[PDB]
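**Q** The following file, work-v8.cif, comprises mmCIF, N, CA and C atoms:
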data_data
loop_
_atom_site.label_atom_id
_atom_site.label_comp_id
_atom_site.auth_asym_id
_atom_site.auth_seq_id
_atom_site.Cartn_x
_atom_site.Cartn_y
_atom_site.Cartn_z
N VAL A 3 -6.01 -5.03 15.80
CA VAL A 3 -4.65 -5.42 16.16
C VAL A 3 -3.68 -4.26 15.95
N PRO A 4 -2.89 -3.95 16.99
CA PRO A 4 -1.91 -2.86 16.91
C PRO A 4 -0.78 -3.14 15.91
N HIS A 5 -0.23 -2.07 15.36
CA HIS A 5 0.91 -2.12 14.46
C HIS A 5 2.16 -1.97 15.32
N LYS A 6 2.95 -3.03 15.45
CA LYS A 6 4.10 -3.00 16.35
C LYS A 6 5.42 -3.03 15.59
N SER A 7 6.14 -1.91 15.61
CA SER A 7 7.42 -1.79 14.91
C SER A 7 8.60 -1.97 15.86
N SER A 8 9.22 -3.15 15.86
CA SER A 8 10.40 -3.35 16.71
C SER A 8 11.59 -2.54 16.21
N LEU A 9 12.31 -1.92 17.13
CA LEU A 9 13.54 -1.20 16.80
C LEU A 9 14.62 -1.61 17.80
N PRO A 10 15.21 -2.79 17.61
CA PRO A 10 16.11 -3.36 18.62
C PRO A 10 17.29 -2.46 18.97
N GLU A 11 17.78 -1.65 18.03
CA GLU A 11 18.93 -0.80 18.28
C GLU A 11 18.52 0.55 18.89
N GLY A 12 17.22 0.75 19.06
CA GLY A 12 16.70 1.97 19.66
C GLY A 12 16.72 3.13 18.69
N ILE A 13 16.51 4.33 19.22
CA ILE A 13 16.51 5.54 18.41
C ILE A 13 17.41 6.58 19.06
N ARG A 14 17.75 7.60 18.29
CA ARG A 14 18.74 8.61 18.70
C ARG A 14 18.26 9.97 18.27
N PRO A 15 18.89 11.03 18.80
CA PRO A 15 18.55 12.35 18.24
C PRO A 15 18.76 12.37 16.72
N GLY A 16 17.80 12.93 16.00
CA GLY A 16 17.80 12.84 14.55
C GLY A 16 16.97 11.71 13.96
N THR A 17 16.47 10.82 14.82
CA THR A 17 15.54 9.80 14.33
C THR A 17 14.21 10.45 13.98
N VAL A 18 13.72 10.15 12.78
CA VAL A 18 12.42 10.64 12.34
C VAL A 18 11.47 9.48 12.11
N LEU A 19 10.34 9.51 12.80
CA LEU A 19 9.26 8.56 12.57
C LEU A 19 8.22 9.23 11.68
N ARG A 20 7.99 8.66 10.50
CA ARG A 20 7.02 9.23 9.56
C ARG A 20 5.81 8.32 9.50
N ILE A 21 4.66 8.83 9.94
CA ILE A 21 3.45 8.03 10.02
C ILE A 21 2.40 8.58 9.08
N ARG A 22 2.00 7.76 8.10
CA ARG A 22 1.00 8.14 7.13
C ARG A 22 -0.19 7.22 7.25
N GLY A 23 -1.37 7.81 7.25
CA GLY A 23 -2.57 7.01 7.37
C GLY A 23 -3.82 7.81 7.12
N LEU A 24 -4.94 7.27 7.59
CA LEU A 24 -6.23 7.90 7.41
C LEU A 24 -7.08 7.63 8.63
N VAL A 25 -7.83 8.63 9.05
CA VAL A 25 -8.74 8.48 10.17
C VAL A 25 -10.05 7.88 9.68
N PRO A 26 -10.44 6.71 10.21
CA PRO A 26 -11.68 6.08 9.74
C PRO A 26 -12.92 6.98 9.93
N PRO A 27 -13.94 6.79 9.09
CA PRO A 27 -15.06 7.73 9.14
C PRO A 27 -15.85 7.67 10.45
N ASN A 28 -15.69 6.60 11.22
CA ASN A 28 -16.36 6.46 12.51
C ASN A 28 -15.41 6.53 13.68
N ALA A 29 -14.20 7.04 13.46
CA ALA A 29 -13.16 6.97 14.51
C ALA A 29 -13.47 7.80 15.75
N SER A 30 -13.03 7.29 16.90
CA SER A 30 -13.05 8.08 18.14
C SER A 30 -11.64 8.49 18.56
N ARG A 31 -10.75 7.52 18.70
CA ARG A 31 -9.38 7.79 19.17
C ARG A 31 -8.36 6.86 18.56
N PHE A 32 -7.13 7.33 18.38
CA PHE A 32 -6.03 6.42 18.07
C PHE A 32 -4.75 6.93 18.73
N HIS A 33 -3.74 6.08 18.80
CA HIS A 33 -2.49 6.52 19.41
C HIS A 33 -1.24 5.95 18.76
N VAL A 34 -0.14 6.64 19.02
CA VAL A 34 1.20 6.19 18.67
C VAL A 34 2.00 6.16 19.96
N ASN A 35 2.52 4.99 20.30
CA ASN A 35 3.31 4.83 21.52
C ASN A 35 4.77 4.54 21.19
N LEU A 36 5.68 5.25 21.85
CA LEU A 36 7.08 4.84 21.85
C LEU A 36 7.33 4.11 23.16
N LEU A 37 7.53 2.80 23.08
CA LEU A 37 7.64 1.94 24.26
C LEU A 37 9.06 1.44 24.49
N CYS A 38 9.32 0.96 25.70
CA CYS A 38 10.69 0.67 26.09
C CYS A 38 11.02 -0.81 25.97
N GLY A 39 10.06 -1.59 25.51
CA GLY A 39 10.27 -3.02 25.42
C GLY A 39 9.08 -3.70 24.78
N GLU A 40 9.22 -5.00 24.55
CA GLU A 40 8.19 -5.78 23.88
C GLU A 40 7.18 -6.41 24.84
N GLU A 41 7.50 -6.43 26.13
CA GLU A 41 6.60 -7.07 27.10
C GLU A 41 5.33 -6.24 27.34
N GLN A 42 4.24 -6.91 27.71
CA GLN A 42 3.04 -6.18 28.14
C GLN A 42 3.40 -5.30 29.31
N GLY A 43 2.81 -4.11 29.35
CA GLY A 43 2.99 -3.23 30.48
C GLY A 43 4.27 -2.42 30.41
N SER A 44 5.00 -2.54 29.30
CA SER A 44 6.23 -1.79 29.09
C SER A 44 5.99 -0.29 29.25
N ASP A 45 6.97 0.42 29.80
CA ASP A 45 6.88 1.87 29.96
C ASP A 45 6.77 2.58 28.61
N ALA A 46 6.07 3.71 28.60
CA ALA A 46 5.94 4.53 27.39
C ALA A 46 6.69 5.84 27.56
N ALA A 47 7.72 6.02 26.74
CA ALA A 47 8.44 7.30 26.66
C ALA A 47 7.54 8.39 26.09
N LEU A 48 6.68 8.01 25.15
CA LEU A 48 5.73 8.93 24.56
C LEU A 48 4.48 8.18 24.17
N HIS A 49 3.33 8.79 24.49
CA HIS A 49 2.01 8.34 24.09
C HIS A 49 1.40 9.57 23.41
N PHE A 50 1.16 9.46 22.11
CA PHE A 50 0.63 10.53 21.27
C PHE A 50 -0.77 10.11 20.86
N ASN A 51 -1.79 10.84 21.32
CA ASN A 51 -3.17 10.31 21.32
C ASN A 51 -4.21 11.29 20.79
N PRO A 52 -4.39 11.34 19.46
CA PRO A 52 -5.50 12.13 18.92
C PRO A 52 -6.85 11.55 19.33
N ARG A 53 -7.70 12.43 19.85
CA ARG A 53 -9.02 12.08 20.33
C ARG A 53 -10.05 12.90 19.59
N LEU A 54 -10.68 12.30 18.59
CA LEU A 54 -11.63 13.01 17.76
C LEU A 54 -12.89 13.28 18.56
N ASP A 55 -13.22 12.36 19.46
CA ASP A 55 -14.47 12.48 20.20
C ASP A 55 -14.45 13.66 21.18
N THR A 56 -13.30 13.93 21.79
CA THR A 56 -13.18 15.03 22.75
C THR A 56 -12.33 16.20 22.24
N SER A 57 -12.11 16.23 20.93
CA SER A 57 -11.45 17.35 20.25
C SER A 57 -10.13 17.77 20.89
N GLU A 58 -9.23 16.81 21.08
CA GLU A 58 -7.96 17.10 21.72
C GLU A 58 -6.90 16.13 21.21
N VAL A 59 -5.64 16.47 21.46
CA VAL A 59 -4.54 15.52 21.23
C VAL A 59 -3.76 15.48 22.51
N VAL A 60 -3.79 14.34 23.18
CA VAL A 60 -3.16 14.17 24.48
C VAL A 60 -1.75 13.59 24.28
N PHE A 61 -0.81 14.11 25.07
CA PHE A 61 0.56 13.63 25.12
C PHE A 61 0.84 13.13 26.53
N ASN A 62 1.47 11.97 26.68
CA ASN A 62 1.81 11.51 28.03
C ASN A 62 2.93 10.49 28.01
N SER A 63 3.40 10.16 29.21
CA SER A 63 4.33 9.07 29.42
C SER A 63 3.67 8.03 30.32
N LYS A 64 4.26 6.85 30.40
CA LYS A 64 3.74 5.82 31.32
C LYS A 64 4.90 5.11 31.98
N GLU A 65 4.88 5.07 33.31
CA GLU A 65 5.93 4.36 34.05
C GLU A 65 5.31 3.48 35.13
N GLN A 66 5.75 2.23 35.18
CA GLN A 66 5.25 1.21 36.10
C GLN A 66 3.73 1.12 36.02
N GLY A 67 3.21 1.24 34.81
CA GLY A 67 1.78 1.14 34.59
C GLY A 67 0.98 2.41 34.79
N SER A 68 1.61 3.45 35.34
CA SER A 68 0.85 4.64 35.69
C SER A 68 1.11 5.77 34.71
N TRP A 69 0.02 6.32 34.17
CA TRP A 69 0.13 7.50 33.31
C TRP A 69 0.65 8.71 34.07
N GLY A 70 1.47 9.51 33.39
CA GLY A 70 2.01 10.73 33.96
C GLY A 70 1.08 11.93 33.84
N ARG A 71 1.65 13.12 33.97
CA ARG A 71 0.87 14.35 33.78
C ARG A 71 0.55 14.56 32.31
N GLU A 72 -0.72 14.72 31.96
CA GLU A 72 -1.08 14.93 30.54
C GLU A 72 -0.64 16.30 30.04
N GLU A 73 -0.10 16.32 28.82
CA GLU A 73 0.10 17.56 28.07
C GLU A 73 -0.86 17.55 26.89
N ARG A 74 -1.09 18.70 26.28
CA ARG A 74 -1.95 18.73 25.10
C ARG A 74 -1.42 19.62 24.00
N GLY A 75 -1.57 19.18 22.76
CA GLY A 75 -1.39 20.06 21.63
C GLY A 75 -2.59 20.98 21.45
N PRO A 76 -2.48 21.95 20.53
CA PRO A 76 -3.61 22.83 20.26
C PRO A 76 -4.67 22.12 19.42
N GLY A 77 -5.92 22.14 19.87
CA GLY A 77 -7.01 21.61 19.08
C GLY A 77 -6.85 20.17 18.60
N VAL A 78 -7.36 19.89 17.41
CA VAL A 78 -7.28 18.54 16.87
C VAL A 78 -7.13 18.58 15.34
N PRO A 79 -5.89 18.44 14.86
CA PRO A 79 -5.62 18.58 13.42
C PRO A 79 -5.78 17.24 12.70
N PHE A 80 -6.90 16.59 12.99
CA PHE A 80 -7.32 15.33 12.40
C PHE A 80 -8.82 15.39 12.18
N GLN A 81 -9.29 14.70 11.16
CA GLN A 81 -10.71 14.68 10.83
C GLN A 81 -11.13 13.31 10.34
N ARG A 82 -12.28 12.83 10.82
CA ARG A 82 -12.81 11.55 10.36
C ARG A 82 -12.88 11.51 8.83
N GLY A 83 -12.40 10.42 8.26
CA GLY A 83 -12.36 10.26 6.81
C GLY A 83 -11.14 10.82 6.10
N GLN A 84 -10.34 11.64 6.79
CA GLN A 84 -9.25 12.37 6.13
C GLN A 84 -7.87 11.75 6.38
N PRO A 85 -7.00 11.81 5.36
CA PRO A 85 -5.62 11.35 5.51
C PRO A 85 -4.80 12.27 6.39
N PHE A 86 -3.75 11.72 6.98
CA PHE A 86 -2.84 12.55 7.75
C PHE A 86 -1.40 12.12 7.54
N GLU A 87 -0.49 13.02 7.86
CA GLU A 87 0.92 12.69 7.97
C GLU A 87 1.48 13.30 9.24
N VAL A 88 2.04 12.44 10.07
CA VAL A 88 2.63 12.85 11.34
C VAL A 88 4.13 12.50 11.33
N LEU A 89 4.96 13.44 11.76
CA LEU A 89 6.35 13.17 12.05
C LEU A 89 6.54 13.21 13.57
N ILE A 90 7.22 12.22 14.12
CA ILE A 90 7.71 12.32 15.49
C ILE A 90 9.23 12.33 15.36
N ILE A 91 9.84 13.44 15.78
CA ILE A 91 11.27 13.67 15.57
C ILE A 91 11.96 13.67 16.92
N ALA A 92 13.00 12.86 17.07
CA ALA A 92 13.72 12.80 18.33
C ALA A 92 14.85 13.81 18.33
N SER A 93 15.00 14.53 19.44
CA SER A 93 16.15 15.40 19.66
C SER A 93 16.73 15.11 21.04
N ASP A 94 17.83 15.78 21.39
CA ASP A 94 18.43 15.59 22.70
C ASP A 94 17.49 16.00 23.84
N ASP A 95 16.61 16.97 23.60
CA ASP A 95 15.79 17.48 24.69
C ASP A 95 14.32 17.05 24.65
N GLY A 96 13.89 16.40 23.57
CA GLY A 96 12.56 15.81 23.56
C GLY A 96 12.10 15.36 22.19
N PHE A 97 10.79 15.17 22.05
CA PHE A 97 10.20 14.81 20.76
C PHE A 97 9.46 15.98 20.18
N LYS A 98 9.64 16.21 18.88
CA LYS A 98 8.81 17.18 18.18
C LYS A 98 7.74 16.42 17.41
N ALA A 99 6.49 16.82 17.58
CA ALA A 99 5.40 16.29 16.77
C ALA A 99 5.08 17.29 15.66
N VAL A 100 5.05 16.81 14.43
CA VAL A 100 4.66 17.62 13.28
C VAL A 100 3.41 17.01 12.68
N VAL A 101 2.40 17.82 12.41
CA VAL A 101 1.19 17.32 11.77
C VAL A 101 0.97 18.16 10.52
N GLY A 102 0.79 17.51 9.37
CA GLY A 102 0.57 18.26 8.15
C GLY A 102 1.81 19.09 7.85
N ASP A 103 1.63 20.39 7.67
CA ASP A 103 2.74 21.26 7.29
C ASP A 103 3.30 22.09 8.43
N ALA A 104 2.95 21.75 9.67
CA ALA A 104 3.35 22.61 10.78
C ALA A 104 3.78 21.87 12.03
N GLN A 105 4.84 22.38 12.65
CA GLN A 105 5.23 22.01 14.00
C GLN A 105 4.00 22.02 14.90
N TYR A 106 3.75 20.92 15.61
CA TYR A 106 2.51 20.80 16.37
C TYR A 106 2.72 20.88 17.89
N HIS A 107 3.65 20.10 18.42
CA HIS A 107 3.90 20.10 19.87
C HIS A 107 5.33 19.68 20.16
N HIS A 108 5.89 20.22 21.24
CA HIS A 108 7.17 19.71 21.72
C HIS A 108 6.96 19.04 23.07
N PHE A 109 7.38 17.79 23.16
CA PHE A 109 7.25 16.98 24.38
C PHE A 109 8.62 16.72 24.99
N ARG A 110 8.94 17.37 26.10
CA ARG A 110 10.26 17.19 26.69
C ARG A 110 10.44 15.74 27.19
N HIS A 111 11.63 15.17 26.99
CA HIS A 111 11.85 13.79 27.46
C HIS A 111 11.55 13.66 28.95
N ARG A 112 10.81 12.61 29.28
CA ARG A 112 10.57 12.21 30.66
C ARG A 112 11.35 10.96 31.03
N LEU A 113 11.34 9.98 30.12
CA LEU A 113 12.16 8.78 30.23
C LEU A 113 13.38 8.95 29.34
N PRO A 114 14.49 8.25 29.64
CA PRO A 114 15.66 8.34 28.76
C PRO A 114 15.34 7.87 27.35
N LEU A 115 15.67 8.69 26.36
CA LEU A 115 15.44 8.37 24.95
C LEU A 115 16.00 6.99 24.57
N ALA A 116 17.15 6.67 25.14
CA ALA A 116 17.84 5.41 24.88
C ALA A 116 17.05 4.15 25.28
N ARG A 117 15.98 4.31 26.07
CA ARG A 117 15.16 3.15 26.42
C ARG A 117 14.16 2.70 25.37
N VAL A 118 13.85 3.56 24.40
CA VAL A 118 12.82 3.24 23.40
C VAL A 118 13.26 2.08 22.49
N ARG A 119 12.39 1.09 22.31
CA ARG A 119 12.70 -0.11 21.53
C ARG A 119 11.57 -0.56 20.60
N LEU A 120 10.45 0.15 20.65
CA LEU A 120 9.24 -0.28 19.96
C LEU A 120 8.33 0.91 19.70
N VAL A 121 7.80 0.98 18.48
CA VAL A 121 6.75 1.94 18.15
C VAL A 121 5.46 1.17 17.94
N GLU A 122 4.40 1.55 18.66
CA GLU A 122 3.14 0.83 18.58
C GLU A 122 2.04 1.80 18.15
N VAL A 123 1.29 1.44 17.12
CA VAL A 123 0.19 2.28 16.69
C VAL A 123 -1.09 1.49 16.88
N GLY A 124 -2.02 2.04 17.64
CA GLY A 124 -3.25 1.33 17.95
C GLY A 124 -4.47 2.23 17.91
N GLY A 125 -5.65 1.64 18.13
CA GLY A 125 -6.89 2.40 18.14
C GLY A 125 -7.56 2.48 16.78
N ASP A 126 -8.40 3.51 16.60
CA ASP A 126 -9.19 3.72 15.39
C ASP A 126 -8.40 4.46 14.33
N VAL A 127 -7.61 3.73 13.55
CA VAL A 127 -6.78 4.37 12.54
C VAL A 127 -6.50 3.37 11.40
N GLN A 128 -6.43 3.88 10.17
CA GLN A 128 -5.94 3.09 9.05
C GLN A 128 -4.52 3.52 8.76
N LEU A 129 -3.58 2.59 8.87
CA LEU A 129 -2.17 2.88 8.63
C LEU A 129 -1.74 2.52 7.22
N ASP A 130 -1.13 3.47 6.54
CA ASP A 130 -0.59 3.20 5.22
C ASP A 130 0.90 2.92 5.31
N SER A 131 1.60 3.64 6.19
CA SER A 131 3.01 3.37 6.43
C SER A 131 3.52 4.00 7.73
N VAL A 132 4.41 3.27 8.39
CA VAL A 132 5.21 3.79 9.48
C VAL A 132 6.67 3.58 9.13
N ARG A 133 7.39 4.68 8.92
CA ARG A 133 8.77 4.61 8.46
C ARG A 133 9.73 5.25 9.43
N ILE A 134 10.92 4.66 9.54
CA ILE A 134 11.96 5.18 10.42
C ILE A 134 13.11 5.69 9.56
N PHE A 135 13.39 6.99 9.63
CA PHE A 135 14.48 7.60 8.86
C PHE A 135 15.53 8.22 9.78
#
Show this structure as structure tokens.

**A**
Amino acid sequence: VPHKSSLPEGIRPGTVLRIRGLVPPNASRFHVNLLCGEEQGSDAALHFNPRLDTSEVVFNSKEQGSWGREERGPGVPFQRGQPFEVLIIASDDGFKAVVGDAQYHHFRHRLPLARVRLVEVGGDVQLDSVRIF
């Protein structure tokens, strides 16, 4: 079951999402979605998708059900069995992903930031906390 964090007032530049958890020892993939609503099929402003099986971290958007052009971070700074800390930071020009102690990727806004209303974490992941600062 996905972890669904409603944010009815939305997010703004300076919003920090702090995600702490652990990658299960048998994990293949997990994701963090910033979605525009609570309904099924809602558009995704950001889809942040570590893929342990294919050694990549995919970034994308989704509109009217269709995935956009994939972007990728460098390598895969996640390991089966190991804890992680991810920051997703909103700015006027996009999202910054931070993993561990380092800036990881910058994802330029594709959808208006003001549309985001929900953070969804799904897939093969153990979540300890998802915090909005």

**Q** Would you mind listing what lies within 7 Å of residue 134 in chain A as a tab-separated table (two decimals) with N, CA and C atoms, in the coordinates of the input, with all atoms listed in the file counted and same-chain residues fewer than 5 positions away left out?

**A**
chain	number	residue	atom	x	y	z
A	17	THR	N	16.47	10.82	14.82
A	17	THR	CA	15.54	9.80	14.33
A	17	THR	C	14.21	10.45	13.98
A	18	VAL	N	13.72	10.15	12.78
A	18	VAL	CA	12.42	10.64	12.34
A	18	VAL	C	11.47	9.48	12.11
A	19	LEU	N	10.34	9.51	12.80
A	19	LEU	CA	9.26	8.56	12.57
A	19	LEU	C	8.22	9.23	11.68
A	20	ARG	N	7.99	8.66	10.50
A	20	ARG	CA	7.02	9.23	9.56
A	20	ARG	C	5.81	8.32	9.50

**Q** What lies within 7 Å of range 5-16 of chain A using only N, CA and C atoms, ignoring chain neighbours under 2 positions off, as a list in words?

**A**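 With the cut-off at 7 Å, the set is residues 3, 18, 91, 92, 93, 94, 115, 116, 117, 118, 119, 120, 121, 122, 123, 124 and 135 of chain A.
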
**Q** For residue 50 in chain A, list every protein, DNA or RNA residue within 9 Å, evaluated using only C-alpha atoms, and leave out those in the same chain fewer than 4 positions away; present the list as a PDB file with N, CA and C atoms, keeping the file's coordinate frame.

**A**
ATOM      1  N   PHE A  32      -7.130   7.330  18.380  1.00  0.00           N
ATOM      2  CA  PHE A  32      -6.030   6.420  18.070  1.00  0.00           C
ATOM      3  C   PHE A  32      -4.750   6.930  18.730  1.00  0.00           C
ATOM      4  N   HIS A  33      -3.740   6.080  18.800  1.00  0.00           N
ATOM      5  CA  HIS A  33      -2.490   6.520  19.410  1.00  0.00           C
ATOM      6  C   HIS A  33      -1.240   5.950  18.760  1.00  0.00           C
ATOM      7  N   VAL A  34      -0.140   6.640  19.020  1.00  0.00           N
ATOM      8  CA  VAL A  34       1.200   6.190  18.670  1.00  0.00           C
ATOM      9  C   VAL A  34       2.000   6.160  19.960  1.00  0.00           C
ATOM     10  N   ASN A  35       2.520   4.990  20.300  1.00  0.00           N
ATOM     11  CA  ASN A  35       3.310   4.830  21.520  1.00  0.00           C
ATOM     12  C   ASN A  35       4.770   4.540  21.190  1.00  0.00           C
ATOM     13  N   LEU A  36       5.680   5.250  21.850  1.00  0.00           N
ATOM     14  CA  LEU A  36       7.080   4.840  21.850  1.00  0.00           C
ATOM     15  C   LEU A  36       7.330   4.110  23.160  1.00  0.00           C
ATOM     16  N   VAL A  59      -5.640  16.470  21.460  1.00  0.00           N
ATOM     17  CA  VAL A  59      -4.540  15.520  21.230  1.00  0.00           C
ATOM     18  C   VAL A  59      -3.760  15.480  22.510  1.00  0.00           C
ATOM     19  N   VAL A  60      -3.790  14.340  23.180  1.00  0.00           N
ATOM     20  CA  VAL A  60      -3.160  14.170  24.480  1.00  0.00           C
ATOM     21  C   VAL A  60      -1.750  13.590  24.280  1.00  0.00           C
ATOM     22  N   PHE A  61      -0.810  14.110  25.070  1.00  0.00           N
ATOM     23  CA  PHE A  61       0.560  13.630  25.120  1.00  0.00           C
ATOM     24  C   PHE A  61       0.840  13.130  26.530  1.00  0.00           C
ATOM     25  N   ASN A  62       1.470  11.970  26.680  1.00  0.00           N
ATOM     26  CA  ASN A  62       1.810  11.510  28.030  1.00  0.00           C
ATOM     27  C   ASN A  62       2.930  10.490  28.010  1.00  0.00           C
ATOM     28  N   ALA A  99       6.490  16.820  17.580  1.00  0.00           N
ATOM     29  CA  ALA A  99       5.400  16.290  16.770  1.00  0.00           C
ATOM     30  C   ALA A  99       5.080  17.290  15.660  1.00  0.00           C
TER      31      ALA A  99
END

**Q** Quick check, in Å to one decimal: how far apart do atom N of residue 126 in chain A and atom C of residue 110 in chain A lie?

**A**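 Going from atom N of residue 126 in chain A over to atom C of residue 110 in chain A, I get 24.8 Å.
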
**Q** With distances taken over only N, CA and C atoms, which residue among A:132, A:56, A:23, A:66 lies nearest residue 44 in chain A?

**A** A:66

**Q** Compare A:114, A:22, A:87, A:133 by their minimum atom-to-atom distance to residue 102 in chain A, counting only N, CA and C atoms, and give me the closest one.

**A**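 Result for the nearest residue to residue 102 in chain A: A:87.
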
**Q** Could you please fill out range 19-36 of chain A with N, CA, C and O atoms and send it back as a PDB file, keeping the file's coordinate frame?

**A**
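The resulting file, out.pdb, is reproduced below:
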ATOM      1  N   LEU A  19      10.340   9.510  12.800  1.00  0.00           N
ATOM      2  CA  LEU A  19       9.260   8.560  12.570  1.00  0.00           C
ATOM      3  C   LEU A  19       8.220   9.230  11.680  1.00  0.00           C
ATOM      4  O   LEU A  19       7.664  10.266  12.047  1.00  0.00           O
ATOM      5  N   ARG A  20       7.990   8.660  10.500  1.00  0.00           N
ATOM      6  CA  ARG A  20       7.020   9.230   9.560  1.00  0.00           C
ATOM      7  C   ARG A  20       5.810   8.320   9.500  1.00  0.00           C
ATOM      8  O   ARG A  20       5.906   7.182   9.056  1.00  0.00           O
ATOM      9  N   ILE A  21       4.660   8.830   9.940  1.00  0.00           N
ATOM     10  CA  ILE A  21       3.450   8.030  10.020  1.00  0.00           C
ATOM     11  C   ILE A  21       2.400   8.580   9.080  1.00  0.00           C
ATOM     12  O   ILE A  21       1.950   9.703   9.245  1.00  0.00           O
ATOM     13  N   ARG A  22       2.000   7.760   8.100  1.00  0.00           N
ATOM     14  CA  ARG A  22       1.000   8.140   7.130  1.00  0.00           C
ATOM     15  C   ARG A  22      -0.190   7.220   7.250  1.00  0.00           C
ATOM     16  O   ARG A  22      -0.045   6.011   7.360  1.00  0.00           O
ATOM     17  N   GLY A  23      -1.370   7.810   7.250  1.00  0.00           N
ATOM     18  CA  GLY A  23      -2.570   7.010   7.370  1.00  0.00           C
ATOM     19  C   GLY A  23      -3.820   7.810   7.120  1.00  0.00           C
ATOM     20  O   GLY A  23      -3.782   8.892   6.518  1.00  0.00           O
ATOM     21  N   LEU A  24      -4.940   7.270   7.590  1.00  0.00           N
ATOM     22  CA  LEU A  24      -6.230   7.900   7.410  1.00  0.00           C
ATOM     23  C   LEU A  24      -7.080   7.630   8.630  1.00  0.00           C
ATOM     24  O   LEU A  24      -7.049   6.525   9.190  1.00  0.00           O
ATOM     25  N   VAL A  25      -7.830   8.630   9.050  1.00  0.00           N
ATOM     26  CA  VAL A  25      -8.740   8.480  10.170  1.00  0.00           C
ATOM     27  C   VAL A  25     -10.050   7.880   9.680  1.00  0.00           C
ATOM     28  O   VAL A  25     -10.713   8.459   8.823  1.00  0.00           O
ATOM     29  N   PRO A  26     -10.440   6.710  10.210  1.00  0.00           N
ATOM     30  CA  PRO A  26     -11.680   6.080   9.740  1.00  0.00           C
ATOM     31  C   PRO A  26     -12.920   6.980   9.930  1.00  0.00           C
ATOM     32  O   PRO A  26     -12.941   7.850  10.812  1.00  0.00           O
ATOM     33  N   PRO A  27     -13.940   6.790   9.090  1.00  0.00           N
ATOM     34  CA  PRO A  27     -15.060   7.730   9.140  1.00  0.00           C
ATOM     35  C   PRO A  27     -15.850   7.670  10.450  1.00  0.00           C
ATOM     36  O   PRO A  27     -16.576   8.622  10.743  1.00  0.00           O
ATOM     37  N   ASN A  28     -15.690   6.600  11.220  1.00  0.00           N
ATOM     38  CA  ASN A  28     -16.360   6.460  12.510  1.00  0.00           C
ATOM     39  C   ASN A  28     -15.410   6.530  13.680  1.00  0.00           C
ATOM     40  O   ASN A  28     -15.763   6.110  14.785  1.00  0.00           O
ATOM     41  N   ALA A  29     -14.200   7.040  13.460  1.00  0.00           N
ATOM     42  CA  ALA A  29     -13.160   6.970  14.510  1.00  0.00           C
ATOM     43  C   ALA A  29     -13.470   7.800  15.750  1.00  0.00           C
ATOM     44  O   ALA A  29     -14.065   8.872  15.670  1.00  0.00           O
ATOM     45  N   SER A  30     -13.030   7.290  16.900  1.00  0.00           N
ATOM     46  CA  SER A  30     -13.050   8.080  18.140  1.00  0.00           C
ATOM     47  C   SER A  30     -11.640   8.490  18.560  1.00  0.00           C
ATOM     48  O   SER A  30     -11.375   9.668  18.770  1.00  0.00           O
ATOM     49  N   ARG A  31     -10.750   7.520  18.700  1.00  0.00           N
ATOM     50  CA  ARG A  31      -9.380   7.790  19.170  1.00  0.00           C
ATOM     51  C   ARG A  31      -8.360   6.860  18.560  1.00  0.00           C
ATOM     52  O   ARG A  31      -8.658   5.695  18.308  1.00  0.00           O
ATOM     53  N   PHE A  32      -7.130   7.330  18.380  1.00  0.00           N
ATOM     54  CA  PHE A  32      -6.030   6.420  18.070  1.00  0.00           C
ATOM     55  C   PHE A  32      -4.750   6.930  18.730  1.00  0.00           C
ATOM     56  O   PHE A  32      -4.693   8.073  19.190  1.00  0.00           O
ATOM     57  N   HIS A  33      -3.740   6.080  18.800  1.00  0.00           N
ATOM     58  CA  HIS A  33      -2.490   6.520  19.410  1.00  0.00           C
ATOM     59  C   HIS A  33      -1.240   5.950  18.760  1.00  0.00           C
ATOM     60  O   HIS A  33      -1.277   4.942  18.045  1.00  0.00           O
ATOM     61  N   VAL A  34      -0.140   6.640  19.020  1.00  0.00           N
ATOM     62  CA  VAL A  34       1.200   6.190  18.670  1.00  0.00           C
ATOM     63  C   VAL A  34       2.000   6.160  19.960  1.00  0.00           C
ATOM     64  O   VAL A  34       2.120   7.187  20.644  1.00  0.00           O
ATOM     65  N   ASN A  35       2.520   4.990  20.300  1.00  0.00           N
ATOM     66  CA  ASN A  35       3.310   4.830  21.520  1.00  0.00           C
ATOM     67  C   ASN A  35       4.770   4.540  21.190  1.00  0.00           C
ATOM     68  O   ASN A  35       5.051   3.655  20.386  1.00  0.00           O
ATOM     69  N   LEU A  36       5.680   5.250  21.850  1.00  0.00           N
ATOM     70  CA  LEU A  36       7.080   4.840  21.850  1.00  0.00           C
ATOM     71  C   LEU A  36       7.330   4.110  23.160  1.00  0.00           C
ATOM     72  O   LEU A  36       7.309   4.729  24.207  1.00  0.00           O
TER      73      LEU A  36
END
